[PDB]
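Engineer: Okay, handing you the structure first.
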Amino acid sequence: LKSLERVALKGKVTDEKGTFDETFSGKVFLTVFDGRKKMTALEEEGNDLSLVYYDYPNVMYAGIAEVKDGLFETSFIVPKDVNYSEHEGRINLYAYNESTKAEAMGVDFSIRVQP
Amino acid sequence: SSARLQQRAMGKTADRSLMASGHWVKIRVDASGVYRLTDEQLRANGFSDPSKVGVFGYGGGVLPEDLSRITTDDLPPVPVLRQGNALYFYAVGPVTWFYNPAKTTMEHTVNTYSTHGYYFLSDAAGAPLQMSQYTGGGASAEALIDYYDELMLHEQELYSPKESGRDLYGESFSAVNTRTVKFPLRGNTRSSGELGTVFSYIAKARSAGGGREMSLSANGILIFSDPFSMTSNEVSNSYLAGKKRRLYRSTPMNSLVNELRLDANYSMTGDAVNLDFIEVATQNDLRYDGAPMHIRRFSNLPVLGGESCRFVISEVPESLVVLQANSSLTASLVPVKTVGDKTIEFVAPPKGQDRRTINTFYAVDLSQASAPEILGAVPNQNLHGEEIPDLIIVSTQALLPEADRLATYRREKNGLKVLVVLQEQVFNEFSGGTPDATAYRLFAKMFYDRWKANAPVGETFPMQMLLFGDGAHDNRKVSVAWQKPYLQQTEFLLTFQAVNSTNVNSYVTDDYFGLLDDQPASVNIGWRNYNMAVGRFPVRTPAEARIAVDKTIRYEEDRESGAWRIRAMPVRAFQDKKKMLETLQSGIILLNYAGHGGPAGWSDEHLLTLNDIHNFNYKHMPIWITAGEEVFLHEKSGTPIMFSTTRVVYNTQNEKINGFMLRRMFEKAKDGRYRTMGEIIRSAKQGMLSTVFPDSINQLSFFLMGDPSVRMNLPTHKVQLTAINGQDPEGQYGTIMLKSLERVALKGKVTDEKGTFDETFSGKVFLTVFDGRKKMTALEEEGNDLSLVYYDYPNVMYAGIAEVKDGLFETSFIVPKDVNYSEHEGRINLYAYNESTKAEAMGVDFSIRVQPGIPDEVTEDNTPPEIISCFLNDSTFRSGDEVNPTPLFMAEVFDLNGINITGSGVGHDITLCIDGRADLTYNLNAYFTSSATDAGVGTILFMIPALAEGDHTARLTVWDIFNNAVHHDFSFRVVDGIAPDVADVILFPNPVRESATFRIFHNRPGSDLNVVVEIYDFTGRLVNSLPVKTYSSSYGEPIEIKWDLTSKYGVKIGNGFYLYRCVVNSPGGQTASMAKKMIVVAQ
Amino acid sequence: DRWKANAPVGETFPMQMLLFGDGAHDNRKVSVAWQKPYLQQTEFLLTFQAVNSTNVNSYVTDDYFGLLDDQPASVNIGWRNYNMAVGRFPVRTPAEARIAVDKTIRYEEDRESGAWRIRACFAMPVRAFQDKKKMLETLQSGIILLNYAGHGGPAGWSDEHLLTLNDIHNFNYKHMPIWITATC
Amino acid sequence: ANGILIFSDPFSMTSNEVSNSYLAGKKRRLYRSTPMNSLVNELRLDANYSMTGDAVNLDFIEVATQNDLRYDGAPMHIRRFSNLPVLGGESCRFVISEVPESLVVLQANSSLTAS
Ligand SMILES: [Ca+2]
Ligand SMILES: [Ca+2]
């Protein structure tokens, strides 16, 4: 994914066994990070180095999308932001079937932001 | 050198306490005043000669946190005056008062640690410290005064918000909008005069703005009306937890005579508003009104600081004295003069020349003085005379044996000088028996000061302190929440609460107890040097304590848990040959952040102690070992330690700090061992002051919950196999193919933690070889539920020891004809011990995989069994030696395809035929025990029956499964009562899963002798000694002992290679058996 | 009994019981070890002790409370039908209790903790040796491991100090309890 | 009892029984009727264990005396089982003397069945 690129997402909802659930219809919530959280030590010429979490893998996008008969599709524009991050990004997904009150969830690490 | 003499001679602390001898009786008070002890009372409390008894201690009122201000040491003698049959002294209660020159009034202070002032009575003295005359009484008075300031204090310590401060709060205005407080006004109170009042309360609004007002009124006259308000954001905040307000004011009042009715009114219902206290100061005449009077004078002073006043008290009974008593240790008798009927006069300064002290003149009728609370006799003690220990364990009474158990463990295993004391004892010698957080600090300081004197430049203080016990925020347990019948008034260790400037915020900390330097008072508790590491076990009951100690002991002893970290979620740290070496020693400690689980009021009523807050249950990932500039770090072995804080900390632009990293955490000290967690944390803590980057809010206070003497269970040295049957095993998994009855040759080395070859490591290596890996196996059936085991018998192929010379070793073993259906990787456990450095090395290898023994069992085995050894009673036995009528025949035997235990089938049985006689033909098949550790090896152990004194001959014959036989002829001379008493033992089963049974065979049946089964570990340390006595009834039968695998410290032993043997404690000496290999696998 | 009347054939009793409180072995708290005001003034829930033939051995159990069938007396407490599931929070004080409830609430609500078990698609993972449709049954399988509360004291200590269920079975949900069997 | 020996029970254990941790004591219950004389104000029972240092504890002593059917200024739970001259369910004439006639006799095997 490149800065200011429109990225198109497509996905499905399955059961615990991974079989496609066409009965799952409602909304899907999904947040997209440009990287992974990682502990960072603020170094200096002192042996002790108090450390944080770069708990700001930047949020590239966050939005909702309708899920009809097991499927959904949305898109978002990649912001002009931090891509020095090595390795994968992260997409968190949470779907809710309004009629059955059932919850679905997923995590994806296929994306990588580029300069 | 000559300066050494000047250091000792100018020694602050005593080399021996006064409490070391003489009779000691603890007493206490709940109110400052004069207390009396009659000779009869003293005789009745063990004082044989009451003339020699004196008073000792400080009383209530806290010790200064500015150590330089503490001038006294050990047990300070209290000045006492004697009448006839009794002695009197001025005691000091928990409430004490000080002068505030800004508000030109006096203010009170409650002892946070104690509800009483403790003192001591003792003959040790030889005689009491006689009270002296007051000297400060000036010659000329610059003013004749007609009244003094009588102080009173309404204060209910009901609620204890943990966050607010060191203070407790009283009465709420949440439901009741108006609360009335009545003060008794006493005789000498003047009808009319200025009514001084300090009104302290706290308030949090539940809605924004609004007409909220706290109003006081005395006997209907309004003193004040204070407006209160809060912002929507202040109401919305969780941490804001109330605005403290203190209103000072003198109100001219009339007709105040029997009772003073104060009426506090808060105009709004539903808020979180509480009264803290009300101080009332009345103007009273200098006249005895049948009650002692603490004469103080500060209001409308007509004189300057240090100038003398003429005081004249009327209606004095003649059995009354006036003491100038600002403290117990400075009480003096004011020399008065009689100036009329029941009228006396003295001259003195009401206020000191410092202009910040208001002298107290206590007038008291000694006929009315009564005894303090005699608590009782206390045993002698001498903490002052203790040698500098390595560790100080401060315990409560209940927890003492559990503390002493840990002490004994550290003394024995870690080889430490450890001092165990009861906090009571610390209070006796460092705060005159009164509970005070500073008493701990002073006790530590004693040793610190002593050490520093001779300590070399650069060296850090080696001592550590372990607070063995939980601590309550409300130290006095006076709040309402502390009176629940369900939780009950147990003994806790004190908590110290670092209060900041003007009671704004406050944090509870144990670091206070390790601030032992002589730094100046300008340095706040936060920026002082952490000299001594402090750790705490927040345990309430002995059950909780035993669990803590057992966890800590089992950590150090489970050597196999430490090899798991060497056998290697994993988060990568981005830091912002020689360079990679520093990162191998690095480590990350992550703080545990104890939350706010309750909706404001719940926490305050239910989270009362450090244990409740920092839940000391084993919480997620505390220590990480570090194994484009992204370093990979892994969390390893459940270390008993926990680092906990409640307050959160942020970095430049609110970035939350999750912990800290020490680039030289795992760097070994001069002793070649890693540093103790306590020291690691102490240097860490000390470093967070020291650096100019964490100088603002970046400094953070956390709890070391755990034994500070704990060392991370991580190997100092590793054992590495270099060749197995000629193949290089490094990096291989189930590659090196081994066959049944194949001689396998092993070769290996010993390295340091970095993996560099250690040629200095020389001693013995213990190693056990398994054909596979432990795996869970479910016993299946057509039922959905399937109860499951562990195939906790990946069969032991071999187990033995080997010498380690200049870093290397080599041994061999024969693969037994056993289970090879196992698929993939086998396992070799290695444990080396360097006898000279007492250092331990460990290793695990998975390069081996057993293969099918092609299985025709052809008649190749024509080689008969080999008699390895064949003795009577001892190992030092040559054929034809002397022996008593009841021998104990022992014989080690070997055949690659096994010995005959089948039974019958002609003379195939193992037999001992003495003097070629059928009369004593024994089926010793039942006395043979196949070696679980050495392939083909077997051992025979039996007790030969008695016979007359003469030369004898015997033949041992043993047959193998392939029908090849062997004979072994030997002779021996029986002599009536010549041999010593000796026994041997066999372990059933081996390896050991849950329990072990030891069957002992002896040489002297019937006779009453002392046998013991001793178990040792690869380091040679005794695990335990199971003792047994041979009873008369059991004539000629072996004895059995069952063992639950618990160590001498009462902890179940871990998996590993052990050595069992038995010793016979005879009168003239001790005879031991040969050590035998014991392997433990299911623990 | 009320449910069974109208319950359809095959359906199991749906009700459950939660004993919200710790239990003492000496229910009357009359033994010497119990003589101590905290231990005394605390209210506990009862403990049931399944005593066998002629007081030989005995085990403490809460399963007794779920034995609601009308089976005959010949069937011992060990062989009767566990009709109702029973669970216990061995908590003594409200502080203990709040911690238990907070832990249980936060478990259901932390949806992200449940996605960590589903995230394991990258491959203390122990392999169980037992005896498309066959692989489907193993995805639904699970292993529960029992926590074995030991004998930490030298005989007499345990009897004077381990007085309640909480003291014996240490409450703070400890060591690997539930394993999910996963297949690629 | 009052100096008259009721019994003397021999006790013993194997080296393996002593060595075991779970063994935790052998429960023993001794039943017995002893003809006694002069039992009138107090009955002194003297239990003696011949060996010091063992883990031996008394559980209880039940004592059953033969008493006359006569009011002795204290309520009496009249039960009769010893040397019964009748079979189960057969009736007997009970005669109590010295009764104050503010006295009743309830046949009370339980609270709910008191008559
Ligand atoms: Ca207060
Ligand atoms: Ca042979």
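In the structure tokens, each chain is lettered A, B, ... as it comes, each chain's residues begin at 1, and ligands are numbered from 1 in order of appearance.
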Tell me the residues of chain A close to chain C, meaning within 8 Å using only C-alpha atoms, as a PyMOL selection string.

Structural biologist: chain A and resi 17+105-107

Engineer: Per DSSP on the backbone, what are the strand (DSSP E or B) residues of stretch 74-106 of chain A, as an NGL selection string?

Structural biologist: :A and (74-77 or 90-97 or 102-106)

Engineer: Give me, as a PyMOL selection string, all polymer residues having an atom no more than 10 Å from stretch 833-836 of chain B, counting only C-alpha atoms and skipping those fewer than 4 positions away in the same chain.

Structural biologist: chain B and resi 717+760-766+804-805+807+840-842+1018-1020

Engineer: Output N, CA and C atoms of each residue in that selection to a file, as a PDB file, in the first residue's frame.

Structural biologist:
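Produced file part_34.pdb, reproduced below:
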```
ATOM      1  N   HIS B 717      27.267 -21.581  33.662  1.00  0.00           N
ATOM      2  CA  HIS B 717      27.997 -22.430  32.735  1.00  0.00           C
ATOM      3  C   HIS B 717      27.072 -23.391  32.039  1.00  0.00           C
ATOM      4  N   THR B 760      38.799 -23.855  32.968  1.00  0.00           N
ATOM      5  CA  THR B 760      38.954 -23.820  34.408  1.00  0.00           C
ATOM      6  C   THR B 760      37.934 -24.767  35.057  1.00  0.00           C
ATOM      7  N   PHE B 761      36.839 -25.133  34.344  1.00  0.00           N
ATOM      8  CA  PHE B 761      35.811 -25.995  34.922  1.00  0.00           C
ATOM      9  C   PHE B 761      36.291 -27.447  35.000  1.00  0.00           C
ATOM     10  N   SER B 762      36.532 -27.931  36.225  1.00  0.00           N
ATOM     11  CA  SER B 762      36.954 -29.303  36.453  1.00  0.00           C
ATOM     12  C   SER B 762      36.301 -29.850  37.725  1.00  0.00           C
ATOM     13  N   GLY B 763      35.688 -31.014  37.576  1.00  0.00           N
ATOM     14  CA  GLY B 763      34.936 -31.693  38.624  1.00  0.00           C
ATOM     15  C   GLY B 763      34.249 -32.926  38.059  1.00  0.00           C
ATOM     16  N   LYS B 764      32.956 -33.156  38.368  1.00  0.00           N
ATOM     17  CA  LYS B 764      32.227 -34.328  37.859  1.00  0.00           C
ATOM     18  C   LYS B 764      31.033 -33.919  37.025  1.00  0.00           C
ATOM     19  N   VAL B 765      30.634 -34.705  36.010  1.00  0.00           N
ATOM     20  CA  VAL B 765      29.429 -34.431  35.203  1.00  0.00           C
ATOM     21  C   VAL B 765      28.468 -35.589  35.357  1.00  0.00           C
ATOM     22  N   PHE B 766      27.213 -35.263  35.634  1.00  0.00           N
ATOM     23  CA  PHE B 766      26.132 -36.212  35.819  1.00  0.00           C
ATOM     24  C   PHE B 766      25.316 -36.203  34.583  1.00  0.00           C
ATOM     25  N   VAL B 804      35.462 -34.429  34.765  1.00  0.00           N
ATOM     26  CA  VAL B 804      35.604 -33.267  33.905  1.00  0.00           C
ATOM     27  C   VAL B 804      36.976 -32.681  34.209  1.00  0.00           C
ATOM     28  N   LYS B 805      37.936 -32.779  33.253  1.00  0.00           N
ATOM     29  CA  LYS B 805      39.290 -32.235  33.415  1.00  0.00           C
ATOM     30  C   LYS B 805      39.496 -31.121  32.417  1.00  0.00           C
ATOM     31  N   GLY B 807      37.954 -28.499  31.515  1.00  0.00           N
ATOM     32  CA  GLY B 807      36.802 -28.176  30.687  1.00  0.00           C
ATOM     33  C   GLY B 807      36.175 -29.303  29.902  1.00  0.00           C
ATOM     34  N   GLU B 840      27.887 -24.455  38.960  1.00  0.00           N
ATOM     35  CA  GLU B 840      27.099 -25.491  38.291  1.00  0.00           C
ATOM     36  C   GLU B 840      26.924 -25.227  36.810  1.00  0.00           C
ATOM     37  N   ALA B 841      27.090 -26.265  36.002  1.00  0.00           N
ATOM     38  CA  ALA B 841      26.863 -26.194  34.564  1.00  0.00           C
ATOM     39  C   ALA B 841      25.752 -27.157  34.195  1.00  0.00           C
ATOM     40  N   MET B 842      24.994 -26.844  33.139  1.00  0.00           N
ATOM     41  CA  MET B 842      23.903 -27.702  32.713  1.00  0.00           C
ATOM     42  C   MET B 842      23.665 -27.667  31.223  1.00  0.00           C
ATOM     43  N   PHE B1018      23.569 -33.717  42.614  1.00  0.00           N
ATOM     44  CA  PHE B1018      24.813 -33.702  41.835  1.00  0.00           C
ATOM     45  C   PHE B1018      25.851 -32.727  42.393  1.00  0.00           C
ATOM     46  N   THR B1019      25.436 -31.664  43.143  1.00  0.00           N
ATOM     47  CA  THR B1019      26.412 -30.738  43.746  1.00  0.00           C
ATOM     48  C   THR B1019      26.993 -31.287  45.064  1.00  0.00           C
ATOM     49  N   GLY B1020      26.510 -32.438  45.513  1.00  0.00           N
ATOM     50  CA  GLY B1020      26.996 -33.088  46.717  1.00  0.00           C
ATOM     51  C   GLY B1020      26.262 -32.691  47.978  1.00  0.00           C
TER      52      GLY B1020
END
```

Engineer: Within 7 Å of chain A, which residues of chain B are there when counting only C-alpha atoms? Please give them as a list in words.

Structural biologist: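 The contacting residues on chain B are residues 571, 572, 573, 574, 575, 576, 655, 656, 657, 658, 659, 660, 661, 662, 663, 664, 684 and 687 of chain B.
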
Engineer: Which residues are near residue C:88? Cut-off 12 Å, only C-alpha atoms, ignore same chain within fewer than 3 positions. Put them as a ChimeraX atom specification.

Structural biologist: /C:16-23,44-47,61-63,65,85,91-92,97,100-101,165-166,169,171

Engineer: Please dump the current selection as a short mmCIF file (atom, residue, chain, number, x, y, z; two decimals), in the first residue's frame; keep N, CA, C and O atoms.

Structural biologist:
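This is the output file out_28.cif:
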```cif
data_model
loop_
_atom_site.label_atom_id
_atom_site.label_comp_id
_atom_site.auth_asym_id
_atom_site.auth_seq_id
_atom_site.Cartn_x
_atom_site.Cartn_y
_atom_site.Cartn_z
N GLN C 16 -27.91 -23.94 36.92
CA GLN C 16 -26.56 -24.06 37.49
C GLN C 16 -26.49 -23.38 38.83
O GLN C 16 -27.23 -22.43 39.05
N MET C 17 -25.57 -23.79 39.69
CA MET C 17 -25.43 -23.15 40.98
C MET C 17 -24.02 -22.60 41.18
O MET C 17 -23.05 -23.29 40.89
N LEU C 18 -23.93 -21.37 41.73
CA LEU C 18 -22.65 -20.76 42.06
C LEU C 18 -22.60 -20.52 43.56
O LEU C 18 -23.36 -19.70 44.08
N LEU C 19 -21.71 -21.24 44.25
CA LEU C 19 -21.51 -21.04 45.68
C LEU C 19 -20.56 -19.84 45.81
O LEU C 19 -19.35 -19.97 45.54
N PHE C 20 -21.13 -18.65 46.09
CA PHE C 20 -20.37 -17.41 46.17
C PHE C 20 -19.84 -17.28 47.59
O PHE C 20 -20.42 -16.61 48.44
N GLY C 21 -18.76 -18.00 47.84
CA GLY C 21 -18.11 -18.00 49.14
C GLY C 21 -17.23 -19.22 49.37
O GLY C 21 -17.47 -20.29 48.77
N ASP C 22 -16.21 -19.05 50.25
CA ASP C 22 -15.28 -20.10 50.68
C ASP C 22 -16.02 -21.03 51.65
O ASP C 22 -17.11 -20.69 52.11
N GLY C 23 -15.45 -22.20 51.90
CA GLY C 23 -16.02 -23.19 52.80
C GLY C 23 -14.98 -23.79 53.72
O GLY C 23 -13.85 -24.04 53.29
N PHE C 44 -19.03 -18.57 56.33
CA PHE C 44 -18.64 -19.34 55.15
C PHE C 44 -19.82 -20.11 54.60
O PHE C 44 -20.81 -20.34 55.29
N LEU C 45 -19.72 -20.58 53.39
CA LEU C 45 -20.74 -21.48 52.88
C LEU C 45 -20.37 -22.88 53.43
O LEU C 45 -19.23 -23.10 53.88
N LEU C 46 -21.33 -23.80 53.47
CA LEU C 46 -21.04 -25.14 54.00
C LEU C 46 -20.21 -25.93 53.04
O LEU C 46 -20.16 -25.62 51.85
N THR C 47 -19.54 -26.96 53.57
CA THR C 47 -18.78 -27.93 52.77
C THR C 47 -19.46 -29.24 53.01
O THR C 47 -19.95 -29.43 54.13
N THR C 61 -16.51 -32.53 48.74
CA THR C 61 -17.04 -32.33 47.39
C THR C 61 -18.21 -31.37 47.37
O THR C 61 -18.97 -31.30 48.35
N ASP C 62 -18.37 -30.63 46.27
CA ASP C 62 -19.53 -29.76 46.08
C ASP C 62 -20.49 -30.43 45.10
O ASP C 62 -21.60 -29.95 44.90
N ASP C 63 -20.08 -31.57 44.52
CA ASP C 63 -20.92 -32.28 43.58
C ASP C 63 -22.20 -32.75 44.28
O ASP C 63 -23.24 -32.84 43.63
N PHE C 65 -24.28 -31.19 46.03
CA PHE C 65 -25.34 -30.23 45.83
C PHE C 65 -26.05 -30.37 44.49
O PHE C 65 -27.17 -29.89 44.37
N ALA C 85 -24.90 -28.58 37.36
CA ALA C 85 -23.51 -28.16 37.50
C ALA C 85 -23.41 -27.21 38.69
O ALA C 85 -24.28 -26.36 38.88
N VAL C 91 -14.10 -17.32 47.98
CA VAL C 91 -13.67 -16.00 48.41
C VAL C 91 -14.17 -15.78 49.83
O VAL C 91 -15.28 -16.17 50.14
N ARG C 92 -13.34 -15.22 50.70
CA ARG C 92 -13.72 -14.94 52.10
C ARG C 92 -14.22 -13.49 52.25
O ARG C 92 -15.30 -13.26 52.78
N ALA C 97 -13.69 -11.28 46.56
CA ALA C 97 -14.84 -11.41 45.69
C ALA C 97 -14.78 -10.47 44.51
O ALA C 97 -15.02 -10.90 43.36
N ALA C 100 -12.41 -11.71 41.90
CA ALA C 100 -13.00 -12.82 41.13
C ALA C 100 -13.99 -12.36 40.04
O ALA C 100 -13.95 -12.82 38.88
N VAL C 101 -14.93 -11.48 40.45
CA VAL C 101 -15.99 -11.01 39.57
C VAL C 101 -15.38 -10.15 38.47
O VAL C 101 -15.68 -10.38 37.29
N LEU C 165 -11.42 -24.48 51.94
CA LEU C 165 -11.20 -24.81 50.54
C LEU C 165 -10.24 -23.84 49.88
O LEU C 165 -9.41 -24.22 49.06
N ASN C 166 -10.35 -22.58 50.24
CA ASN C 166 -9.47 -21.62 49.64
C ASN C 166 -7.98 -21.90 49.98
O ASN C 166 -7.11 -21.73 49.13
N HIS C 169 -7.06 -25.54 47.89
CA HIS C 169 -7.01 -25.37 46.44
C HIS C 169 -6.67 -23.93 46.21
O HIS C 169 -7.57 -23.12 46.30
N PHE C 171 -6.99 -20.74 45.07
CA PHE C 171 -7.95 -19.92 44.29
C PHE C 171 -7.43 -19.19 43.03
O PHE C 171 -8.14 -19.25 42.02
#
```

Engineer: Could you produce a table of the residues of chain B lying within 12 Å of ligand 1, with the nearest pair of atoms per residue and their separation in Å rounded to one decimal, using only C-alpha atoms and all ligand atoms, ordered by chain and increasing residue number, as a tab-separated table?

Structural biologist:
```
residue	atom	partner	partner_atom_place_in_ligand_line	distance
B:95	CA	ligand 1	1 (Ca)	11.1
B:108	CA	ligand 1	1 (Ca)	10.4
B:109	CA	ligand 1	1 (Ca)	9.1
B:110	CA	ligand 1	1 (Ca)	7.8
B:111	CA	ligand 1	1 (Ca)	10.5
B:112	CA	ligand 1	1 (Ca)	9.7
B:153	CA	ligand 1	1 (Ca)	10.8
B:154	CA	ligand 1	1 (Ca)	9.6
B:155	CA	ligand 1	1 (Ca)	6.2
B:156	CA	ligand 1	1 (Ca)	6.7
B:157	CA	ligand 1	1 (Ca)	5.3
B:158	CA	ligand 1	1 (Ca)	8.2
B:159	CA	ligand 1	1 (Ca)	8.6
B:160	CA	ligand 1	1 (Ca)	8.8
B:161	CA	ligand 1	1 (Ca)	10.9
B:164	CA	ligand 1	1 (Ca)	11.3
B:165	CA	ligand 1	1 (Ca)	9.9
B:166	CA	ligand 1	1 (Ca)	8.6
B:167	CA	ligand 1	1 (Ca)	4.9
B:168	CA	ligand 1	1 (Ca)	4.2
B:169	CA	ligand 1	1 (Ca)	4.7
B:170	CA	ligand 1	1 (Ca)	6.7
B:171	CA	ligand 1	1 (Ca)	10.3
B:199	CA	ligand 1	1 (Ca)	11.4
B:200	CA	ligand 1	1 (Ca)	8.8
B:201	CA	ligand 1	1 (Ca)	9.1
B:202	CA	ligand 1	1 (Ca)	10.3
B:244	CA	ligand 1	1 (Ca)	11.3
B:274	CA	ligand 1	1 (Ca)	10.3
B:275	CA	ligand 1	1 (Ca)	8.6
B:276	CA	ligand 1	1 (Ca)	4.9
B:277	CA	ligand 1	1 (Ca)	6.2
B:278	CA	ligand 1	1 (Ca)	9.7
B:279	CA	ligand 1	1 (Ca)	11.3
B:474	CA	ligand 1	1 (Ca)	11.3
B:478	CA	ligand 1	1 (Ca)	10.8
B:479	CA	ligand 1	1 (Ca)	10.1
B:503	CA	ligand 1	1 (Ca)	11.9
```

Engineer: Produce as a list in words the set of residues near ligand 2, where near means within 9 Å with only C-alpha atoms and all ligand atoms considered.

Structural biologist: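 Selection of residues at most 9 Å from ligand 2: residues 860, 861, 862, 863, 864, 865, 866, 894, 895, 896, 897, 898, 899, 959, 960, 961, 962, 963, 964 and 965 of chain B.
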
Engineer: Could the residues in this selection be saved with N, CA, C and O atoms as a compact mmCIF listing (two decimals), in the first residue's frame?

Structural biologist:
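Produced file part.txt, reproduced below:
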```
# COMPACT_ATOMS: atom_id res chain seq x y z
N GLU B 860 25.03 -66.00 19.54
CA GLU B 860 26.30 -65.30 19.52
C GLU B 860 26.78 -65.16 20.94
O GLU B 860 27.98 -65.21 21.20
N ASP B 861 25.84 -64.98 21.88
CA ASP B 861 26.17 -64.82 23.28
C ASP B 861 26.58 -66.16 23.92
O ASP B 861 25.75 -66.88 24.47
N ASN B 862 27.86 -66.49 23.77
CA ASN B 862 28.48 -67.64 24.41
C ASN B 862 29.38 -67.14 25.57
O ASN B 862 29.93 -67.95 26.31
N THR B 863 29.48 -65.79 25.75
CA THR B 863 30.25 -65.14 26.81
C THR B 863 29.39 -65.19 28.07
O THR B 863 28.28 -64.65 28.04
N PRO B 864 29.83 -65.83 29.17
CA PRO B 864 28.96 -65.93 30.35
C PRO B 864 28.87 -64.62 31.13
O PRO B 864 29.59 -63.67 30.83
N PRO B 865 27.98 -64.54 32.14
CA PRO B 865 27.90 -63.31 32.93
C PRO B 865 29.21 -62.99 33.65
O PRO B 865 29.95 -63.90 34.04
N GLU B 866 29.53 -61.71 33.79
CA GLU B 866 30.76 -61.23 34.41
C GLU B 866 30.45 -60.78 35.82
O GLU B 866 29.63 -59.88 35.99
N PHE B 894 27.01 -58.77 35.57
CA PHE B 894 26.74 -58.21 34.25
C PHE B 894 26.68 -59.25 33.11
O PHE B 894 27.62 -60.01 32.91
N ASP B 895 25.62 -59.15 32.28
CA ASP B 895 25.49 -59.88 31.03
C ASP B 895 24.72 -59.01 30.06
O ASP B 895 23.67 -58.48 30.43
N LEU B 896 25.22 -58.89 28.84
CA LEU B 896 24.59 -58.05 27.82
C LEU B 896 23.14 -58.43 27.51
O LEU B 896 22.33 -57.54 27.24
N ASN B 897 22.80 -59.73 27.55
CA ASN B 897 21.45 -60.19 27.25
C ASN B 897 20.63 -60.52 28.54
O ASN B 897 19.50 -60.99 28.41
N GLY B 898 21.17 -60.22 29.73
CA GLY B 898 20.46 -60.38 31.00
C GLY B 898 20.70 -61.64 31.80
O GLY B 898 21.06 -62.68 31.24
N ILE B 899 20.44 -61.56 33.14
CA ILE B 899 20.59 -62.68 34.09
C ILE B 899 19.24 -63.39 34.29
O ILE B 899 18.18 -62.76 34.21
N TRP B 959 23.32 -67.50 35.90
CA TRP B 959 23.07 -67.92 34.52
C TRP B 959 22.41 -66.82 33.75
O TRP B 959 21.62 -66.09 34.33
N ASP B 960 22.65 -66.76 32.44
CA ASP B 960 21.99 -65.75 31.61
C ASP B 960 20.85 -66.41 30.83
O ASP B 960 20.70 -67.63 30.88
N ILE B 961 20.02 -65.59 30.17
CA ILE B 961 18.88 -66.05 29.39
C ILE B 961 19.32 -67.00 28.24
O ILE B 961 18.62 -67.99 27.99
N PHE B 962 20.53 -66.80 27.65
CA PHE B 962 21.04 -67.68 26.59
C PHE B 962 21.72 -68.98 27.16
O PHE B 962 22.46 -69.65 26.44
N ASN B 963 21.46 -69.34 28.46
CA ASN B 963 21.89 -70.56 29.16
C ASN B 963 23.41 -70.66 29.50
O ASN B 963 23.80 -71.67 30.08
N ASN B 964 24.23 -69.61 29.23
CA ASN B 964 25.67 -69.64 29.59
C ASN B 964 25.78 -69.37 31.10
O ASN B 964 25.16 -68.42 31.58
N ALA B 965 26.55 -70.17 31.85
CA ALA B 965 26.68 -70.00 33.30
C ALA B 965 28.08 -69.54 33.71
O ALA B 965 29.01 -69.59 32.92
```

Engineer: Show me which bits of chain B are within 9 Å of chain C, counting only C-alpha atoms, as an NGL selection string.

Structural biologist: :B and (484-490 or 541-544 or 546-547 or 550 or 597-598 or 602-603 or 606-607 or 612 or 617-618 or 775-781 or 788 or 1050-1052)

Engineer: Go through chain C and flag each residue having an atom no more than 9 Å from chain D; for those, report the closest pair of atoms plus their distance in Å to one decimal, using only C-alpha atoms, ordered by chain and rising number, as CSV.

Structural biologist:
```
residue,atom,partner,partner_atom,distance
C:55,CA,D:27,CA,8.9
C:56,CA,D:27,CA,8.6
C:154,CA,D:21,CA,9.0
C:155,CA,D:21,CA,7.4
```

Engineer: Could you give me, as a PyMOL selection string, the residues within 10 Å of stretch 69-78 of chain A, counting only C-alpha atoms and dropping anything in the same chain fewer than 4 positions from it?

Structural biologist: chain A and resi 1-14+20-28+30+32+34+59-65+97+113
